[PDB]
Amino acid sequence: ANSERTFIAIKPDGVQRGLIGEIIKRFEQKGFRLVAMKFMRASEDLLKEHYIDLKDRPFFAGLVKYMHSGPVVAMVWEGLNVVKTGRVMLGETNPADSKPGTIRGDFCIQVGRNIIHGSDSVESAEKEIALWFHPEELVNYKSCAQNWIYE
C-alpha cells in the first residue's frame, strides 16, 4: 500500500511556465519516492492510447494535438496512497474548482490548460505507468527518511 505508485506528468503548459521544479517540489516534500521520470515529446500514438477511453469526447483530438505540441515530464511516484493523495495534491481537473494550496489552484486557470496529469486510480496508475515506461526504467531505492515517514 506503502508501495502504491502513480503516474505523474506535467503537461506542456507546466513546462512552458516553469513549473516543473515547483511541481516536483511538492511531491518530494510530501514524503513521496520518485520511482521514475523522463522529459520528452509525446507521439500521437502514445497519447491516444493513453487517452484511449476518451477517444470520443469532443476535445479529444485537440487534446492529443496539445499533448503533442510540446514536451512533458513523465514520472512515477511511489507511496501510501500516492494515487488518491496526489490526486488531491493536484486539485480538481478543472483548475476553477481546484483550491489553493493545490497544483492547479495556485498555478492555473483553464481546464484545457491544467499543466498536469495524475492517475485517477491505481489501475489507471498501472496501465499508465507500464504504457509510459519500460519496467527497468523504474528504479528501486530506499529514502533515508523512510522510517521517518513510515511507521
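In this text, residue numbers run from 1 along the sequence as written.
Student: According to the deposited model, is the average Cα temperature factor higher in 116-124 or in 25-33?
Tutor: According to the entry, 116-124 carries the higher average C-alpha B-factor.
Student: According to the deposited model, is the average Cα temperature factor higher in 140-148 or in 3-11?
Tutor: Stretch with the higher mean C-alpha B-factor: 140-148.
Student: Which one, 103, 64, 40, 82, has the peak C-alpha temperature factor per the PDB entry?
Tutor: Going by the entry's C-alpha B-factors, 64 comes out highest.
Student: Could you tell me which one of 87, 68, 57, 99 shows the highest CA temperature factor in the PDB record?
Tutor: Comparing C-alpha B-factors across 87, 68, 57, 99, the top value belongs to 57.
Student: Which third, lowest, middle or highest, does the C-alpha temperature factor of residue 47 belong to within its own chain?
Tutor: It falls in the middle third of the chain.
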